[PDB]
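To start, the structure itself, in structure tokens.
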Number of protein chains: 2
Amino acid sequence: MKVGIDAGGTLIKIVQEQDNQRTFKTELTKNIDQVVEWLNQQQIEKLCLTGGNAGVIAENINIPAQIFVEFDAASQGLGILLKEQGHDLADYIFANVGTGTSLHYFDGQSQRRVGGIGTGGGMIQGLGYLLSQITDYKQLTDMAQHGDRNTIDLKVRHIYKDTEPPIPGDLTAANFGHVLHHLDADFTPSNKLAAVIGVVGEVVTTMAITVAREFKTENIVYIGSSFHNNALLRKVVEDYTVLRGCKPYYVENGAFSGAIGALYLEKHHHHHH
Amino acid sequence: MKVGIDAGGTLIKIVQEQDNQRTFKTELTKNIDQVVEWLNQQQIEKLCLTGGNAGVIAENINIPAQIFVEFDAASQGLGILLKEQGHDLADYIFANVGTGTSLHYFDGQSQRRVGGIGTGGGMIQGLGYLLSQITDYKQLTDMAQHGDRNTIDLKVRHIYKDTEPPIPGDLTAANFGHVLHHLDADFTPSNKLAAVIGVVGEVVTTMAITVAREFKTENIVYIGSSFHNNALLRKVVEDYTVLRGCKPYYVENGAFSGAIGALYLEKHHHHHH
Ligand SMILES: Nc1ncnc2c1ncn2[C@@H]1O[C@H](COP(=O)(O)OP(=O)(O)O)[C@@H](O)[C@H]1O
Ligand SMILES: Nc1ncnc2c1ncn2[C@@H]1O[C@H](COP(=O)(O)OP(=O)(O)O)[C@@H](O)[C@H]1O
Ligand SMILES: CCCCCCCNC(=O)CCNC(=O)[C@H](O)C(C)(C)COP(=O)(O)O
Ligand SMILES: CCCCCCCNC(=O)CCNC(=O)[C@H](O)C(C)(C)COP(=O)(O)O
Ligand SMILES: [Mg+2]
Ligand SMILES: [Mg+2]
């Protein structure tokens with residue numbers, strides 16, 4: 001039994017490897033003591049750790065651990081998953097939409113971080129809570145899926161009206177920019193939450209397409225737990241990526257890229273010269 | 001009396017020129033009929049118009065009008081204001097933070113639009129209203145200035161804790177990402193509004209610095225009415241621009257760039273070959 005753990009800001013992702021097969025597990029970072037409880041019931045010779053909370057797991061258990069930097073671990077695990085899933089890409093941007101969002105350019109050989117933004121899953125939860133009082137992640141995301149953004153967001157065509165606009169009229173001109181034009185609307189929790197997911201998706205995708213243009217790649221791979229149980233977010237991102245002439249990729253178990261990467265990096269750290 | 005009008009999504013900006021001197025006026029786009037009332041009391045031979053609502057003014061009054069595209073009008077008026085204010089820049093990004101945000105690269109000769117995002121003034125107002133029930137712009141912005149974002153936003157150092165992080169620990173990791181860690185906090189209107197201004201500023205600045213890097217300029221000029229009565233927004237943007245090694249510029253009357261640009265373009269449209 002080997003174990004890779006990516007202990008992030010909101011979720012701890014665990015990949016248990018037992019004889020040619022992955023078992024995937026998640027736990028809330030809030031419940032990190034329960035991950036330690038679990039580890040203490042296993043027969044594990046070594047922990048392969050990454051993520052901001054890796055140090056906390058390592059401090060709190062007597063199993064040898066090695067820590068890897070999340071950006072390299074994520075890149076490496078993602079490279080493995082892409083190849084397993086039949087994608088042999090020469091280069092790509094990857095956008096890791098976790099608690100927050102980190103953007104990387106992979107040139108075929110290694111990753112470099114090319115930007116980031118605090119619009120991600122943490123915003124969906126936190127701003128979602130302020131607008132709906134919902135704390136349960138499944139409830140929040142389920143509620144959002146069929147929300148109508150029309151009374152909340154302003155489009156370019158709302159500003160330009162009968163004049164042909166200088167950029168496409170369907171584009172969002174201002175997230176939440178229609179609220180003051182609809183002050184007698186019922187701003188339902190569903191509608192508000194859809195608009196939160198909308199702005200997060202639009203910001204992420206805009207940054208990803210911008211760095212794809214800068215680094216001359218048409219491929220953009222989207223990973224992170226923020227996509228889980230959020231088909232709306234996936235659609236916002238996929239649609240706008242395609243509109244801007246890039247190819248979006250989503251990866252089965254992509255949220256476990258870092259954990260897979262930690263196991264791989266540990267394995268290949270052992271060499272000599 | 002010559003008149004330039006930039007009739008935007010939220011504000012109509014008017015520049016009245018009378019014998020070597022500008023007079024600046026603003027009106028809400030909501031009140032566009034009151035701009036037409038005003039125009040009908042003046043002695044104006046021609047209107048120089050730009051912005052999404054230009055067509056509405058032109059349709060509703062019997063004074064000859066010529067319409068200019070806002071991106072060129074803004075660029076040209078901004079170039080005039082920069083030189084008047086002692087800035088002789090070889091190149092720059094300009095970020096027009098209006099109802100929404102439009103980003104341009106000026107290479108010394110002309111502008112091209114290099115991106116945009118729906119995070120801008122309209123979001124400040126609309127999301128601000130959803131979080132505070134305040135509709136008055138001065139009240140909203142004044143309330144926000146001294147808000148404390150600490151119980152609302154998550155920083156990198158909150159995730160990494162005792163481990164040295166791979167990027168600076170003071171950076172926002174997740175806008176609104178601390179809300180679920182402070183569910184018993186008093187989320188005051190001031191604090192919520194500061195966090196709205198924060199995310200808008202951070203997104204704008206992140207996009208501006210990214211395109212500054214792409215187009216190889218260190219100069220970033222920020223214009224738009226979204227900065228009016230919002231010293232907090234100005235500070236968020238200035239600080240993060242400087243952190244990322246770029247030089248921020250704010251322009252006196254920069255929000256009137258388009259209106260000034262329309263008057264100039266009209267003037268120089270008359271030539272022959
Ligand atoms: N079961 C869940 N509980 C809470 N958040 C979830 C869950 N599933 C998905 N998420 C979403 O995923 C985000 C975290 O993404 P992830 O890639 O795991 O980030 P991190 O590495 O920072 O923990 C959350 O902020 C939330 O939007
Ligand atoms: N008196 C005001 N009333 C309403 N909004 C204001 C006012 N002053 C500044 N603003 C801010 O400026 C934004 C509009 O910026 P501006 O550059 O004029 O945009 P546009 O060209 O789309 O009208 C508003 O969304 C708001 O955040
Ligand atoms: C004060 C100026 C604000 C500028 C901050 C905006 C930029 N912020 C960032 O680039 C960090 C965005 N967040 C991230 O990259 C990730 O959330 C990270 C901090 C790496 C932690 O990883 P995850 O737990 O996997 O999200
Ligand atoms: C559906 C996919 C969403 C992608 C939309 C995100 C990108 N949106 C944009 O680039 C438009 C941002 N807004 C602007 O550039 C301006 O608000 C504009 C529409 C030009 C109108 O000018 P202003 O009234 O001066 O703000
Ligand atoms: Mg992570
Ligand atoms: Mg404008």
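Starting from 1 in every chain, residues are counted up; chains themselves are A, B, ... following the order of the structure tokens, and ligands are numbered from 1 as listed.
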Give me the residues within 6 Å of residue A:50 as a PDB file with C-alpha atoms, in the first residue's frame, counting only C-alpha atoms and dropping any in the same chain fewer than 6 places off.
ATOM      1  CA  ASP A   6      -2.700  16.313  -1.928  1.00  0.00           C
ATOM      2  CA  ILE A  67       6.768  16.385   0.423  1.00  0.00           C
ATOM      3  CA  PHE A  68       6.620  17.609  -3.211  1.00  0.00           C
ATOM      4  CA  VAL A  69       5.697  21.084  -4.497  1.00  0.00           C
ATOM      5  CA  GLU A  70       2.153  21.082  -5.706  1.00  0.00           C
TER       6      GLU A  70
END
Site check for ligand 6: residues at most 10 Å away, only C-alpha atoms and all ligand atoms, as a PDB file with N, CA, C and O atoms, in the first residue's frame:
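What landed in part_36.pdb:
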ATOM      1  N   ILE A 159     -26.064  47.289 -23.727  1.00  0.00           N
ATOM      2  CA  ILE A 159     -25.475  48.603 -23.720  1.00  0.00           C
ATOM      3  C   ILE A 159     -25.621  49.224 -25.088  1.00  0.00           C
ATOM      4  O   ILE A 159     -26.049  50.360 -25.205  1.00  0.00           O
TER       5      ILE A 159
ATOM      6  N   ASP B   6     -19.777  60.740 -24.509  1.00  0.00           N
ATOM      7  CA  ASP B   6     -19.501  59.312 -24.423  1.00  0.00           C
ATOM      8  C   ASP B   6     -20.668  58.779 -23.582  1.00  0.00           C
ATOM      9  O   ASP B   6     -20.708  58.944 -22.369  1.00  0.00           O
ATOM     10  N   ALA B   7     -21.633  58.178 -24.277  1.00  0.00           N
ATOM     11  CA  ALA B   7     -22.843  57.712 -23.648  1.00  0.00           C
ATOM     12  C   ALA B   7     -22.691  56.230 -23.352  1.00  0.00           C
ATOM     13  O   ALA B   7     -22.940  55.386 -24.196  1.00  0.00           O
ATOM     14  N   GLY B   8     -22.184  55.927 -22.173  1.00  0.00           N
ATOM     15  CA  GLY B   8     -21.815  54.551 -21.812  1.00  0.00           C
ATOM     16  C   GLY B   8     -22.947  53.764 -21.187  1.00  0.00           C
ATOM     17  O   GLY B   8     -24.100  54.191 -21.159  1.00  0.00           O
ATOM     18  N   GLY B   9     -22.607  52.605 -20.658  1.00  0.00           N
ATOM     19  CA  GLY B   9     -23.593  51.739 -20.060  1.00  0.00           C
ATOM     20  C   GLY B   9     -24.226  52.242 -18.784  1.00  0.00           C
ATOM     21  O   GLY B   9     -25.357  51.908 -18.496  1.00  0.00           O
ATOM     22  N   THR B  10     -23.493  53.045 -18.020  1.00  0.00           N
ATOM     23  CA  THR B  10     -23.996  53.587 -16.745  1.00  0.00           C
ATOM     24  C   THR B  10     -23.959  55.106 -16.681  1.00  0.00           C
ATOM     25  O   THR B  10     -24.919  55.706 -16.168  1.00  0.00           O
ATOM     26  N   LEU B  11     -22.900  55.722 -17.190  1.00  0.00           N
ATOM     27  CA  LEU B  11     -22.788  57.164 -17.166  1.00  0.00           C
ATOM     28  C   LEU B  11     -22.618  57.727 -18.554  1.00  0.00           C
ATOM     29  O   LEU B  11     -21.966  57.120 -19.428  1.00  0.00           O
ATOM     30  N   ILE B  12     -23.205  58.891 -18.751  1.00  0.00           N
ATOM     31  CA  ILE B  12     -22.982  59.707 -19.908  1.00  0.00           C
ATOM     32  C   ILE B  12     -22.011  60.812 -19.527  1.00  0.00           C
ATOM     33  O   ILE B  12     -22.282  61.600 -18.633  1.00  0.00           O
ATOM     34  N   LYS B  13     -20.870  60.877 -20.217  1.00  0.00           N
ATOM     35  CA  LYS B  13     -19.814  61.831 -19.957  1.00  0.00           C
ATOM     36  C   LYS B  13     -19.866  62.859 -21.044  1.00  0.00           C
ATOM     37  O   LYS B  13     -19.817  62.507 -22.254  1.00  0.00           O
ATOM     38  N   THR B  50     -19.886  58.994 -28.893  1.00  0.00           N
ATOM     39  CA  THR B  50     -19.341  57.656 -28.823  1.00  0.00           C
ATOM     40  C   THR B  50     -20.021  56.899 -27.687  1.00  0.00           C
ATOM     41  O   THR B  50     -20.786  57.491 -26.929  1.00  0.00           O
ATOM     42  N   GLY B  51     -19.711  55.619 -27.554  1.00  0.00           N
ATOM     43  CA  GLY B  51     -20.339  54.795 -26.504  1.00  0.00           C
ATOM     44  C   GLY B  51     -21.576  54.077 -26.967  1.00  0.00           C
ATOM     45  O   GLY B  51     -22.186  54.427 -27.971  1.00  0.00           O
ATOM     46  N   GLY B  52     -21.984  53.066 -26.194  1.00  0.00           N
ATOM     47  CA  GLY B  52     -23.079  52.232 -26.583  1.00  0.00           C
ATOM     48  C   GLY B  52     -24.407  52.920 -26.749  1.00  0.00           C
ATOM     49  O   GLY B  52     -25.200  52.515 -27.559  1.00  0.00           O
ATOM     50  N   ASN B  53     -24.632  53.985 -26.001  1.00  0.00           N
ATOM     51  CA  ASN B  53     -25.890  54.723 -26.109  1.00  0.00           C
ATOM     52  C   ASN B  53     -25.852  55.948 -27.031  1.00  0.00           C
ATOM     53  O   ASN B  53     -26.781  56.756 -27.046  1.00  0.00           O
ATOM     54  N   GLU B  70     -15.867  53.582 -29.658  1.00  0.00           N
ATOM     55  CA  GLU B  70     -15.400  54.002 -28.367  1.00  0.00           C
ATOM     56  C   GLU B  70     -13.971  53.660 -28.141  1.00  0.00           C
ATOM     57  O   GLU B  70     -13.308  54.366 -27.402  1.00  0.00           O
ATOM     58  N   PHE B  71     -13.491  52.536 -28.698  1.00  0.00           N
ATOM     59  CA  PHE B  71     -12.104  52.110 -28.399  1.00  0.00           C
ATOM     60  C   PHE B  71     -11.093  53.101 -28.960  1.00  0.00           C
ATOM     61  O   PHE B  71     -10.144  53.478 -28.259  1.00  0.00           O
ATOM     62  N   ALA B  74     -11.598  56.543 -26.941  1.00  0.00           N
ATOM     63  CA  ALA B  74     -10.951  56.476 -25.649  1.00  0.00           C
ATOM     64  C   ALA B  74      -9.443  56.567 -25.787  1.00  0.00           C
ATOM     65  O   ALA B  74      -8.762  57.302 -25.036  1.00  0.00           O
ATOM     66  N   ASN B  96      -9.807  50.209 -19.213  1.00  0.00           N
ATOM     67  CA  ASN B  96     -10.961  51.081 -19.139  1.00  0.00           C
ATOM     68  C   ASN B  96     -11.969  50.352 -18.269  1.00  0.00           C
ATOM     69  O   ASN B  96     -12.690  49.459 -18.740  1.00  0.00           O
ATOM     70  N   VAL B  97     -12.033  50.765 -17.012  1.00  0.00           N
ATOM     71  CA  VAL B  97     -12.864  50.090 -16.012  1.00  0.00           C
ATOM     72  C   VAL B  97     -14.142  50.879 -15.892  1.00  0.00           C
ATOM     73  O   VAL B  97     -14.282  51.774 -15.038  1.00  0.00           O
ATOM     74  N   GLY B  98     -15.058  50.555 -16.773  1.00  0.00           N
ATOM     75  CA  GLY B  98     -16.360  51.182 -16.859  1.00  0.00           C
ATOM     76  C   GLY B  98     -17.398  50.309 -16.241  1.00  0.00           C
ATOM     77  O   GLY B  98     -17.132  49.657 -15.213  1.00  0.00           O
ATOM     78  N   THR B  99     -18.565  50.196 -16.876  1.00  0.00           N
ATOM     79  CA  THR B  99     -19.571  49.274 -16.421  1.00  0.00           C
ATOM     80  C   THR B  99     -18.959  47.860 -16.398  1.00  0.00           C
ATOM     81  O   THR B  99     -19.147  47.118 -15.449  1.00  0.00           O
ATOM     82  N   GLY B 100     -18.234  47.543 -17.458  1.00  0.00           N
ATOM     83  CA  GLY B 100     -17.329  46.420 -17.509  1.00  0.00           C
ATOM     84  C   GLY B 100     -15.940  46.880 -17.899  1.00  0.00           C
ATOM     85  O   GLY B 100     -15.731  48.073 -18.102  1.00  0.00           O
ATOM     86  N   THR B 101     -14.995  45.950 -18.066  1.00  0.00           N
ATOM     87  CA  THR B 101     -13.603  46.335 -18.256  1.00  0.00           C
ATOM     88  C   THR B 101     -13.095  45.921 -19.615  1.00  0.00           C
ATOM     89  O   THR B 101     -13.174  44.726 -19.995  1.00  0.00           O
ATOM     90  N   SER B 102     -12.513  46.860 -20.329  1.00  0.00           N
ATOM     91  CA  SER B 102     -11.902  46.622 -21.641  1.00  0.00           C
ATOM     92  C   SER B 102     -10.417  46.938 -21.561  1.00  0.00           C
ATOM     93  O   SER B 102     -10.054  47.968 -20.995  1.00  0.00           O
ATOM     94  N   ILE B 223      -8.166  53.923 -16.434  1.00  0.00           N
ATOM     95  CA  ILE B 223      -9.222  54.937 -16.596  1.00  0.00           C
ATOM     96  C   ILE B 223     -10.573  54.308 -16.341  1.00  0.00           C
ATOM     97  O   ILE B 223     -10.709  53.126 -16.210  1.00  0.00           O
ATOM     98  N   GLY B 224     -11.562  55.161 -16.145  1.00  0.00           N
ATOM     99  CA  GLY B 224     -12.933  54.749 -15.950  1.00  0.00           C
ATOM    100  C   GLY B 224     -13.550  55.359 -14.743  1.00  0.00           C
ATOM    101  O   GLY B 224     -12.893  55.672 -13.708  1.00  0.00           O
ATOM    102  N   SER B 225     -14.852  55.515 -14.788  1.00  0.00           N
ATOM    103  CA  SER B 225     -15.528  56.138 -13.718  1.00  0.00           C
ATOM    104  C   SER B 225     -15.586  55.252 -12.470  1.00  0.00           C
ATOM    105  O   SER B 225     -15.903  55.725 -11.452  1.00  0.00           O
ATOM    106  N   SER B 226     -15.227  53.981 -12.589  1.00  0.00           N
ATOM    107  CA  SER B 226     -15.288  53.062 -11.467  1.00  0.00           C
ATOM    108  C   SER B 226     -14.348  53.467 -10.370  1.00  0.00           C
ATOM    109  O   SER B 226     -14.543  53.064  -9.213  1.00  0.00           O
ATOM    110  N   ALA B 255     -11.775  59.452 -17.045  1.00  0.00           N
ATOM    111  CA  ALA B 255     -13.083  58.927 -17.391  1.00  0.00           C
ATOM    112  C   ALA B 255     -13.762  59.634 -18.567  1.00  0.00           C
ATOM    113  O   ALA B 255     -14.709  59.128 -19.108  1.00  0.00           O
ATOM    114  N   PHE B 256     -13.287  60.806 -18.914  1.00  0.00           N
ATOM    115  CA  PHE B 256     -13.752  61.577 -20.046  1.00  0.00           C
ATOM    116  C   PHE B 256     -12.891  61.395 -21.306  1.00  0.00           C
ATOM    117  O   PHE B 256     -13.071  62.144 -22.282  1.00  0.00           O
ATOM    118  N   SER B 257     -11.996  60.418 -21.292  1.00  0.00           N
ATOM    119  CA  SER B 257     -11.150  60.132 -22.445  1.00  0.00           C
ATOM    120  C   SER B 257     -11.958  59.979 -23.731  1.00  0.00           C
ATOM    121  O   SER B 257     -11.605  60.565 -24.763  1.00  0.00           O
ATOM    122  N   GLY B 258     -13.017  59.196 -23.695  1.00  0.00           N
ATOM    123  CA  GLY B 258     -13.798  58.963 -24.869  1.00  0.00           C
ATOM    124  C   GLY B 258     -14.470  60.234 -25.425  1.00  0.00           C
ATOM    125  O   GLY B 258     -14.515  60.456 -26.624  1.00  0.00           O
ATOM    126  N   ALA B 259     -15.006  61.045 -24.548  1.00  0.00           N
ATOM    127  CA  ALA B 259     -15.650  62.263 -24.961  1.00  0.00           C
ATOM    128  C   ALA B 259     -14.656  63.215 -25.581  1.00  0.00           C
ATOM    129  O   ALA B 259     -14.950  63.841 -26.601  1.00  0.00           O
TER     130      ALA B 259
END
Picked from stretch 40-191 of chain B by DSSP as strand (DSSP E), as a PDB file with C-alpha atoms, in the first residue's frame:
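Result file is states.pdb:
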ATOM      1  CA  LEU B  47     -22.542  66.435 -31.629  1.00  0.00           C
ATOM      2  CA  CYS B  48     -19.449  64.228 -31.441  1.00  0.00           C
ATOM      3  CA  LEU B  49     -20.710  60.958 -30.006  1.00  0.00           C
ATOM      4  CA  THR B  50     -19.341  57.656 -28.823  1.00  0.00           C
ATOM      5  CA  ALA B  65     -24.173  64.071 -35.067  1.00  0.00           C
ATOM      6  CA  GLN B  66     -21.183  61.969 -35.939  1.00  0.00           C
ATOM      7  CA  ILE B  67     -20.457  58.725 -34.115  1.00  0.00           C
ATOM      8  CA  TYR B  92       1.237  51.079 -22.469  1.00  0.00           C
ATOM      9  CA  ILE B  93      -1.700  48.927 -21.599  1.00  0.00           C
ATOM     10  CA  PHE B  94      -4.831  50.889 -20.810  1.00  0.00           C
ATOM     11  CA  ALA B  95      -7.587  49.367 -18.790  1.00  0.00           C
ATOM     12  CA  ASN B  96     -10.961  51.081 -19.139  1.00  0.00           C
ATOM     13  CA  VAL B  97     -12.864  50.090 -16.012  1.00  0.00           C
ATOM     14  CA  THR B 101     -13.603  46.335 -18.256  1.00  0.00           C
ATOM     15  CA  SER B 102     -11.902  46.622 -21.641  1.00  0.00           C
ATOM     16  CA  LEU B 103      -8.114  46.178 -21.994  1.00  0.00           C
ATOM     17  CA  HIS B 104      -6.022  47.683 -24.791  1.00  0.00           C
ATOM     18  CA  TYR B 105      -2.397  47.758 -25.882  1.00  0.00           C
ATOM     19  CA  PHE B 106      -1.218  51.073 -27.261  1.00  0.00           C
ATOM     20  CA  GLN B 111      -4.657  50.826 -29.872  1.00  0.00           C
ATOM     21  CA  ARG B 112      -5.795  47.267 -30.197  1.00  0.00           C
ATOM     22  CA  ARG B 113      -8.138  45.565 -27.793  1.00  0.00           C
ATOM     23  CA  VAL B 114      -6.347  42.681 -26.091  1.00  0.00           C
ATOM     24  CA  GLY B 115      -8.957  41.475 -23.662  1.00  0.00           C
ATOM     25  CA  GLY B 116     -11.852  42.296 -21.431  1.00  0.00           C
ATOM     26  CA  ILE B 117     -13.840  41.047 -18.478  1.00  0.00           C
ATOM     27  CA  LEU B 154      -8.411  33.631   2.118  1.00  0.00           C
ATOM     28  CA  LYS B 155      -4.675  34.262   1.654  1.00  0.00           C
ATOM     29  CA  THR B 172      -5.256  36.430  -2.087  1.00  0.00           C
ATOM     30  CA  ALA B 173      -5.704  32.694  -2.612  1.00  0.00           C
ATOM     31  CA  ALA B 174      -9.473  32.843  -2.770  1.00  0.00           C
TER      32      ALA B 174
END
Handout entry: Surrounding residues of residue B:194 excluding itself and chain neighbours under 4 positions, 7 Å, only C-alpha atoms, as JSON, numbers by chain
Key = {"B": [144, 145, 147, 148, 149, 190, 198]}
Practice task
Considering only C-alpha atoms, return as a ChimeraX atom specification whatever protein or nucleic-acid residues lie within 10 Å of residue A:140, sequence-local ones (same chain, fewer than 4 positions apart) excluded.
Solution key: /A:124-125,128-129,132-136,144-145,189-190,193-194,229-230
Handout entry: Neighbour list for residue B:213 as a list in words, cut-off 12 Å, only C-alpha atoms, skip fewer than 5 positions in-chain
Key =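 Once the adjacent positions are removed, what remains is residues 114, 115, 210, 211, 214 and 215 of chain A; 92, 93, 105, 114, 206, 207, 208, 218, 219, 220, 241, 244, 245 and 246 of chain B.
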Could you write those residues out with C-alpha atoms, as an mmCIF file, in the first residue's frame?
data_model
loop_
_atom_site.group_PDB
_atom_site.id
_atom_site.type_symbol
_atom_site.label_atom_id
_atom_site.label_comp_id
_atom_site.auth_asym_id
_atom_site.auth_seq_id
_atom_site.Cartn_x
_atom_site.Cartn_y
_atom_site.Cartn_z
ATOM 1 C CA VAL A 114 1.999 31.866 -15.655
ATOM 2 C CA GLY A 115 -0.693 33.391 -13.512
ATOM 3 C CA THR A 210 -5.145 35.001 -22.520
ATOM 4 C CA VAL A 211 -2.137 32.990 -21.382
ATOM 5 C CA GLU A 214 0.643 34.561 -24.932
ATOM 6 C CA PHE A 215 2.346 31.146 -24.852
ATOM 7 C CA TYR B 92 1.237 51.079 -22.469
ATOM 8 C CA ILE B 93 -1.700 48.927 -21.599
ATOM 9 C CA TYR B 105 -2.397 47.758 -25.882
ATOM 10 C CA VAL B 114 -6.347 42.681 -26.091
ATOM 11 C CA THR B 206 -4.314 40.554 -12.878
ATOM 12 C CA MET B 207 -5.605 40.767 -16.474
ATOM 13 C CA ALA B 208 -3.808 44.096 -17.035
ATOM 14 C CA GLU B 218 5.725 48.016 -18.115
ATOM 15 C CA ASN B 219 3.184 50.833 -18.239
ATOM 16 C CA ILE B 220 -0.446 50.393 -17.277
ATOM 17 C CA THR B 241 0.427 46.640 -10.245
ATOM 18 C CA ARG B 244 4.064 42.727 -10.274
ATOM 19 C CA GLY B 245 6.730 45.179 -11.499
ATOM 20 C CA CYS B 246 4.553 47.461 -13.617
#
Practice task
Name the residues of stretch 144-266 of chain B that fall into helix (DSSP H, G or I) according to DSSP on the backbone, using the chain letters and numbers of this document, as a ChimeraX atom specification.
Solution key: /B:144,156-160,179-181,189-214,225-227,231-243,254-266
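Closest to ligand 1 among A:78, A:143, A:197, A:265 is A:197, based on only C-alpha atoms and all ligand atoms.
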